[PDB]
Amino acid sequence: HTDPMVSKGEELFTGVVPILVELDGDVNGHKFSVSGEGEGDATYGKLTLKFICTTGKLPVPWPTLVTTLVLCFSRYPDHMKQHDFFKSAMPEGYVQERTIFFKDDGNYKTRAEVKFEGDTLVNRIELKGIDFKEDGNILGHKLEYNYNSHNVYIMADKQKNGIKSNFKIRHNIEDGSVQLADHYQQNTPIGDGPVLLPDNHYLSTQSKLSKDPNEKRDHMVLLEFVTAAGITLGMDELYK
């Protein structure tokens, strides 16, 4: 690429990159840990990850953890690569913080560091959840094991030299309803190096959730794709 800052970030994501995810969680005092392993191919926006609850039964539904459990693997098309904050922060990485408000239920607060340790991309997360209903849709495990595709607007946060985003997820309830999960996110670089501050744009995501037939632990197999879009005034003019 013409931009050596783009080149630097992209060089770290060429090919297939191994991923480690670590989550320590406490929801209403229900403590748990999650480990995940797999690989990402940013050229395709493609994640293949297998997560295990290493402490026993997961006390919340797996779909409620998808957003928490690596946006540096998003596909940014060439015309947008100068807008890829997530890769530009590497290898030192970024902090990803969220609050996720489940309507008429509790909230998750998450803090994670996403960085390289050698050739492995690590996502190390702490999650705290409070004010849940012990018999509600989350602690009562009333959600379908699936994840609806959706689109999310990414905005520069110039003052924190990072990005912010807020977006709604709707988890399907077994009874046919939906449980809203209202996400507030912010990302800021680790360390004092430079980053690419993006124009506002969108990420589109789809996720397939499955089970490993040979796995006896509580677990989730995730096939996730994330693709960036927008910044199209110039590109669209090429075809008029």
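For every residue, the number given is its place in the sequence shown, counted from 1.
K.L.:
Between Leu69 and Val70, how many residues of the deposited sequence have no coordinates in this entry: none, 1 to 3, 4 to 9, or 10 or more?
P.N.:
Per the deposited record, the segment joining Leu69 and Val70 lacks coordinates for 1 to 3 residues.
K.L.:
Do the C-alpha atoms of 155-163 or of 90-98 have the higher average B factor in the entry?
P.N.:
Looking at the recorded C-alpha B-factors, 155-163 comes out higher on average.
K.L.:
Report the stretch with the higher mean CA temperature factor, choosing between 171-179 and 30-38 on the basis of the entry.
P.N.:
Comparing 171-179 with 30-38, the higher mean C-alpha B-factor belongs to 171-179.
K.L.:
For the listed residues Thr55, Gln185, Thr48, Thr64, which one has the largest C-alpha B-factor as given in the deposited model?
P.N.:
Top of the list by C-alpha B-factor: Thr55.
K.L.:
Out of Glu117, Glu126, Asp131, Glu113, which residue has the highest Cα temperature factor in the PDB record?
P.N.:
Comparing C-alpha B-factors across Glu117, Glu126, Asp131, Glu113, the maximum falls on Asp131.
K.L.:
Going by the entry, which third of its chain does the Cα temperature factor of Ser74 land in?
P.N.:
Bottom third by C-alpha B-factor.
K.L.:
Taking the values exactly as deposited, rank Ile231 by C-alpha B-factor within its chain and report the matching third: lowest, middle or highest.
P.N.:
Its C-alpha B-factor, which the entry lists for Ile231, ranks in the highest third among residues of this chain.
K.L.:
Using the temperature factors of the C-alpha atoms in this entry, rank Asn200 within its chain: lowest, middle or highest third.
P.N.:
Tercile = highest for this residue's CA B-factor.
K.L.:
Taking only the Cα B-factors deposited for this chain, tell me whether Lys103 sits in the lowest, middle or highest third.
P.N.:
Middle third.
K.L.:
What third of its chain, lowest, middle or highest, does the C-alpha temperature factor of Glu22 fall into?
P.N.:
It belongs to the lowest third of the chain when residues are ordered by C-alpha B-factor.
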